[PDB]
Amino acid sequence: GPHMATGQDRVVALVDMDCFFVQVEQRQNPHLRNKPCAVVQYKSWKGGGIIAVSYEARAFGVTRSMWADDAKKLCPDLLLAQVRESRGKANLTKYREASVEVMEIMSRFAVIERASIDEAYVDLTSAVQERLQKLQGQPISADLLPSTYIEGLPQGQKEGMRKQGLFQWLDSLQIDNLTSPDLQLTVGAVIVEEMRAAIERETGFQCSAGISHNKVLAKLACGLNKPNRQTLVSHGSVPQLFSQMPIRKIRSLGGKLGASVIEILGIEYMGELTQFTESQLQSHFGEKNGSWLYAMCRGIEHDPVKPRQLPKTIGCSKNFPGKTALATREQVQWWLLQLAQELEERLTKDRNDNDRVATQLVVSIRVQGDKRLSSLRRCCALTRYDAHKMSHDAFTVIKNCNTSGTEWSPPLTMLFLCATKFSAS
DNA sequence: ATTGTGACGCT
DNA sequence: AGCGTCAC
Ligand SMILES: Nc1ncnc2c1ncn2[C@H]1C[C@H](O)[C@@H](COP(=O)(O)OP(=O)(O)OP(=O)(O)O)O1
Ligand SMILES: [Ca+2]
Ligand SMILES: [K+]
């Protein structure tokens, strides 16, 4: 009743750069704009691996993690841009720098949590209060929400329906109540329209966004209307929305845990979780997961938007699949050097830009025929930004994995160097 | 022969 | 600490 908290205390947005690496390449090369096109890493094995796909190309069935030769079968006019190669591996610097452009604009409007290179959560609660007090009672015009969908409306041409739903929502709004969660979300959506307009004006990049009361709903909302649109998911919209939502679509339930929720409880949709007590869910999935599931099938989640615009780790990884697996000492040392040199370059830039120094080096490897994605993960001290020293230390840390009697066996299928544990500098 | 990231939880 | 999960 009156004491049941409804998770309506915050306004949270999730901003997601539409096919980001593709947009970066389309900005640089106008011949790629408004065409079916994709970004690929490497080129020899089956044309290279596709890692990003424009919406025009998605219409032909082109997806990430598909070989370029196969994508060309689906879409023979597909245009491709290749990731830069430096020191023998893919180098994502162009995309990291573009991401910083976007994140810096978002940070003007509100505090952000960098979730990935192309995704950030936005805490809008204080921004909405400020904008509400600046309104002082006037309603919100549809003209302030030109790309917003209201999930679940209209009820009772795609752009025509978008506007019908928005009109239903806005006519229903009680603007006089400065504490109405639905009003707060709507003002959040106005601010996100402005943020998205600023991103596009100042970078050329388009994005989609979700606006709701927490991060999981904001992420779910963001996915409902792409590309270049934003979606408001109100608390009231959750029962219908969840009633036919596959559990795997909710952030963190797309893996083994979600599969076990489905198998153990015999359900398919998020909304079905409401039938179970909190103790029942904790009994199947643990105290933390159980309480989380109990609240989140009701639209409630408390995970904060962390004030963190920079990555916490700086990592350099390369797979050596099939017959490219590393089999000699000279090879392992040469690739550790290559990785360590990219890492030193990025670390020196990070120290200059962000006033911090990493203090721990994580070295990880995969060994041929090992079922796990990482076979070994050991850490050593990171005391100066020197590629030769880091590569020597990584070798020293992994060298007892060699079971030979100048050869390396079993062959190595992945090397990974990661700088972690930053401290202010 | 999805690769190259990056965040967080468990024990 | 090292390993596992999840997503991007
Ligand atoms: N597995 C991956 N390997 C390499 N890069 C990836 C991988 N997954 C995603 N990315 C890269 C390419 C994307 O441009 C960028 C953002 O990822 P993601 O948001 O999932 O898709 P996207 O931005 O390309 O399209 P959209 O969000 O519009 O559906 O990160
Ligand atoms: Ca994206
Ligand atoms: K993303």
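Per the authors' numbering, the first sequence runs over residues -2 to 153, 162 to 410, 413 to 432. We put the beta carbon where it would ideally sit given N, CA and C, even for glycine.
Proximity to residue i [Cα-Cα], best of the options
{"i": "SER104", "options": "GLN126, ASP120, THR90", "result": "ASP120"}
{"i": "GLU335", "options": "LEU246, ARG313, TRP415, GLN373", "result": "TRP415"}
{"i": "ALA300", "options": "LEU183, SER265, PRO244", "result": "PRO244"}
{"i": "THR3", "options": "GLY241, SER265, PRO151", "result": "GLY241"}
{"i": "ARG30", "options": "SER41, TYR39, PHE18, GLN38", "result": "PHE18"}
{"i": "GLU101", "options": "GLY320, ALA392, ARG377, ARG313", "result": "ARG313"}
{"i": "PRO151", "options": "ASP67, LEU171, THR401", "result": "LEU171"}
{"i": "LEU315", "options": "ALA35, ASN233, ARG93, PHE210", "result": "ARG93"}
{"i": "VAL108", "options": "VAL368, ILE196, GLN179", "result": "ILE196"}
{"i": "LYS428", "options": "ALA54, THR388, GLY260", "result": "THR388"}
{"i": "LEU129", "options": "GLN287, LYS224, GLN179", "result": "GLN179"}
{"i": "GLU349", "options": "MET166, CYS425, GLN285", "result": "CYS425"}
{"i": "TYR390", "options": "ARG55, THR364, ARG371, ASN407", "result": "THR364"}
{"i": "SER138", "options": "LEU175, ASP67, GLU127", "result": "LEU175"}
{"i": "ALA431", "options": "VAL99, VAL362, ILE370", "result": "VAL362"}
{"i": "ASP66", "options": "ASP115, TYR39, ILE255", "result": "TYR39"}
{"i": "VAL310", "options": "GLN126, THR122, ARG303", "result": "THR122"}
{"i": "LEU229", "options": "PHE210, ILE204, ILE255", "result": "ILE255"}
{"i": "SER41", "options": "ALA35, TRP64, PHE57", "result": "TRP64"}
{"i": "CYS384", "options": "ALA392, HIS393, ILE370, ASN359", "result": "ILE370"}
Supposed contact pair residue j and residue i - C-beta distance, whole angstroms, cut 8 Å
{"i": "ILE216", "j": "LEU188", "result": "Not a contact, Cβ separation roughly 12 Å."}
{"i": "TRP340", "j": "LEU422", "result": "5 Å"}
{"i": "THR420", "j": "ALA332", "result": "No, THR420 and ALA332 are not in contact; Cβ-Cβ is about 11 Å, not under 8 Å."}
{"i": "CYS321", "j": "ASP13", "result": "Not really, about 25 Å apart at Cβ, beyond 8 Å."}
{"i": "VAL368", "j": "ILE403", "result": "6 Å"}
{"i": "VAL59", "j": "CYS16", "result": "Not a contact, Cβ separation roughly 11 Å."}
{"i": "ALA95", "j": "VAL21", "result": "5 Å"}
{"i": "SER265", "j": "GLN235", "result": "Going by Cβ atoms, the distance from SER265 to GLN235 rounds to 33 Å, so no, they are not a contact pair."}
{"i": "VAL238", "j": "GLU306", "result": "Their Cβ separation, rounded to whole angstroms, is 12 Å, which puts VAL238 and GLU306 out of contact at 8 Å."}
Extent of the continuous beta strand (DSSP E) run through residue i
{"i": "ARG167", "result": "Segment 163 to 177 is the alpha helix (DSSP H) holding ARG167; no beta strand (DSSP E) there."}
{"i": "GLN79", "result": "76 to 79"}
{"i": "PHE429", "result": "414 to 431"}
{"i": "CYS212", "result": "212 to 217"}
{"i": "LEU331", "result": "331 to 333"}
{"i": "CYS321", "result": "319 to 324"}
{"i": "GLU110", "result": "108 to 113"}
{"i": "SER242", "result": "Counting along the chain, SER242 falls outside any beta strand (DSSP E), and DSSP gives it neither H nor E."}
{"i": "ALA35", "result": "34 to 38"}
{"i": "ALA2", "result": "Careful: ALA2 lies outside any beta strand (DSSP E) and carries neither H nor E."}
{"i": "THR145", "result": "145 to 147"}
Neighbour-count burial assignment, residue i, 16 or more Cβ in a 10 Å radius
{"i": "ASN405", "result": "exposed"}
{"i": "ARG206", "result": "exposed"}
{"i": "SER257", "result": "exposed"}
{"i": "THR184", "result": "exposed"}
{"i": "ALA386", "result": "exposed"}
{"i": "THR353", "result": "exposed"}
{"i": "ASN357", "result": "exposed"}
{"i": "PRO33", "result": "buried"}
{"i": "residue 411", "result": "Because the chain is numbered 410 and then 413 with no intervening positions, residue 411 cannot be located in this model."}
{"i": "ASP355", "result": "buried"}
{"i": "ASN233", "result": "exposed"}
{"i": "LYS376", "result": "exposed"}
{"i": "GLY295", "result": "buried"}
{"i": "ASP140", "result": "exposed"}
{"i": "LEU298", "result": "buried"}
Segment limits, alpha helix (DSSP H) that includes residue i
{"i": "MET301", "result": "292 to 301"}
{"i": "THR401", "result": "392 to 403"}
{"i": "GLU199", "result": "186 to 208"}
{"i": "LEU129", "result": "122 to 132"}
{"i": "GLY263", "result": "261 to 270"}
{"i": "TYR52", "result": "52 to 55"}
{"i": "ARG24", "result": "17 to 25"}
{"i": "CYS227", "result": "220 to 227"}
{"i": "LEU89", "result": "Premise fails: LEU89 is in no alpha helix (DSSP H) and is neither H nor E."}
{"i": "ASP67", "result": "65 to 71"}
Check whether the region 14 to 33 touches the region 71 to 79, taking contact to mean three or more Cβ pairs, one atom from each stretch, closer than 8 Å. Segments in contact, yes.
For the region 35 to 52 and the region 134 to 148, state whether three or more C-beta atom pairs, one from each stretch, are separated by less than 8 Å. No, the region 35 to 52 does not touch the region 134 to 148.
Cβ contact (3+ pairs, closer than 8 Å) linking the region 212 to 227 and the region 3 to 14: Note that the region 212 to 227 touches the region 3 to 14; at least 3 beta-carbon pairs, one per stretch, sit closer than 8 Å.
Three or more C-beta pairs closer than 8 Å, one from the region 263 to 282 and one from the region 62 to 74: is that the case here? In the pairwise beta carbon analysis, the region 263 to 282 is classified as not touching the region 62 to 74: fewer than three pairs are separated by under 8 Å.
Evaluate the contact criterion for the region 378 to 397 versus the region 340 to 347: three or more CB pairs, one atom per stretch, below 8 Å. Yes, the region 378 to 397 is in contact with the region 340 to 347.
So, do the region 310 to 328 and the region 132 to 142 have three or more beta carbon pairs nearer to each other than 8 Å? Flag = no, the region 310 to 328 and the region 132 to 142 do not touch.
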